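One chain comes next, on its own, written as structure tokens: the form deposited in one PDB entry.
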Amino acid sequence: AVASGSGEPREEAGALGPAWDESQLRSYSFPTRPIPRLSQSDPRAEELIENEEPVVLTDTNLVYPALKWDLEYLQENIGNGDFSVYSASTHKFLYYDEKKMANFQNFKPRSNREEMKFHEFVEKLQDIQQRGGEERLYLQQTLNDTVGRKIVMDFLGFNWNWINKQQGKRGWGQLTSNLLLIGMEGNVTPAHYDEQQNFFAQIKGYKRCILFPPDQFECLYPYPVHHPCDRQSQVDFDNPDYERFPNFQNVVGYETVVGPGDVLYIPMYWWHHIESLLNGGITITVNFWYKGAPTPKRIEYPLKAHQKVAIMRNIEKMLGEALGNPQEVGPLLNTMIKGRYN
């Protein structure tokens, strides 16, 4: 009952029909409660953000000027700088960090990155659609200098007044980046966490977002810190291995479906699983990543979950450095705990 997931699908204005329907959602093995959908003026929303809990804001106008963006408009105005585009023979686009590939030679990426011009991206899509292909593409490109003047106009129209005040109220560091995400229906980014505070602005299409608090670290089994898939869950949500990952049986999520105009606050360290609804067409999103606030005066107990995750990360990093080889980290940790702490 309380695990109502994304809830009853919203009705679009002027009787244009249900935004989406249950059958566009993938099927998973865990329960989920709904993320609150609130007005930016609702003091409850300010409460959730201040407390680093997720909330969907329905009326920020954060990216009002971008709501007009489609492929046509963007190809026309975005410039001809390079755009990273990932390809995969599967619906899953597992993130990997290429700077860490050097030290796991045995890692072979499922998806491949290719730089290209926007028009080329648009062509590949049309090409795949008209030939019924099963290939999938996901453009994921940070918003840089080579963008056209109209796109820059839109950018300036963003609700900087609102977000700059959020940045200020939360003591967050600088805006590190804005990622532009354009994906095909059915695309999935497997569960992971980021060490950035994130306002995730939905623009075109609908995305189902499933989040897990940092205190579910134990149920989600991140890769080793030195692995390319650092911060990504090892668990295949489509075929969970309960032998390797027993506690995934205890995992409980928070979920919501976002559409044009919604902004989802994804607090730093919160796991998130993001998928573009089945048969919902392409999706477009722009995120806003901010460095988190500085670590307070000195430590205050009890520690929050995210501080414990930070401590584990640091242990793993320092051990890799001390041993002189990230590959020796596991054996040493085992030696340390077997028959001693387990």
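In this text, residue numbers run from 1 along the sequence as written.
Only in words, not in the display: the form solved in complex with a partner chain, which the text now covers.
Student: Okay, which stretch from 69-77, 203-211, 261-269, 129-137 lines its partner chain in the deposited bound form, with non-hydrogen atoms inside 4.5 Å?
Tutor: Of the stretches listed, the one contacting the partner is 261-269.
Student: Please determine whether residue 318 contacts its partner chain in the deposited bound form, using a 4.5 Å cut-off between heavy atoms.
Tutor: Looking in the deposited bound form, residue contacts with its partner chain include residue 318, since a heavy atom lies within 4.5 Å.
Student: Examine residue 313 and determine whether its closest non-hydrogen atom to its partner chain in the deposited bound form is within 4.5 angstroms.
Tutor: So residue 313 counts as contacting its partner chain.
Student: I'd like to know whether residue 291 contacts its partner chain in the deposited bound form, with contact meaning heavy atoms within 4.5 angstroms.
Tutor: Within the cut-off, so yes.
Student: With the partner left out of view, is residue 99 within 4.5 angstroms of its partner chain in the deposited bound form by any non-hydrogen atom?
Tutor: Yes, contact at 4.5 Å.
Student: Of the options 83, 86, 254, 199, which one has a non-hydrogen atom that comes within 4.5 Å of its partner chain in the deposited bound form?
Tutor: When its partner chain is considered in the deposited bound form, the option within 4.5 Å is 86.
Student: Looking at 238, 194, 120, 185 here, can you tell me which has any non-hydrogen atom within 4.5 angstroms of its partner chain in the deposited bound form?
Tutor: The option sitting close enough to the partner is 194.
Student: Is its partner chain close enough to 232, 295 and 299 in the deposited bound form that each of the three has a heavy atom within 4.5 Å of it?
Tutor: Yes: 232, 295 and 299 each sit within 4.5 Å of its partner chain in the deposited bound form.
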